[PDB]
């Protein structure tokens, strides 16, 4: 018995004004209602952080650097590791181990994707609102641990 997958998942954040106050926002992507065959999707309709499967010939970091660019065209962004999500059962599709990173990027690239041609599918949420969404997998746990770590970094300054 070996693992079914390794993923690189990204808490992608920015700071922007909500009601004239600087507020931490997160980019999230709603899972399709259907899979490729047109039947009901696992975790269908639930919001997920951006990310993807890591390839045999890369590190989770390399996969996160790539997935950052595919989703936003950002390129010179350090990704901060903040955990591993490996709790048995986290992903119903099998034994999948997630390496989780956060990044703090300028708001404009995230607004572009939330407003582009996938708009119904992508949102830029204040983090307190994101925490109340219907979230895929253990992603609520991911967001709570990221929020906490990011906040504690912001507090130290």
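Numbering follows the first chain given and starts at 1.
- When the C-alpha B-factors of 15-23 and 130-138 are averaged, 15-23 comes out higher.
- Looking at mean Cα B-factors across 34-42 and 113-121, the upper value is held by 113-121.
- Ranking 28, 68, 104, 100 by Cα temperature factor from the entry places 68 first.
- Remark: residue 79 belongs to the middle third of its chain, ranked by C-alpha B-factor as recorded.
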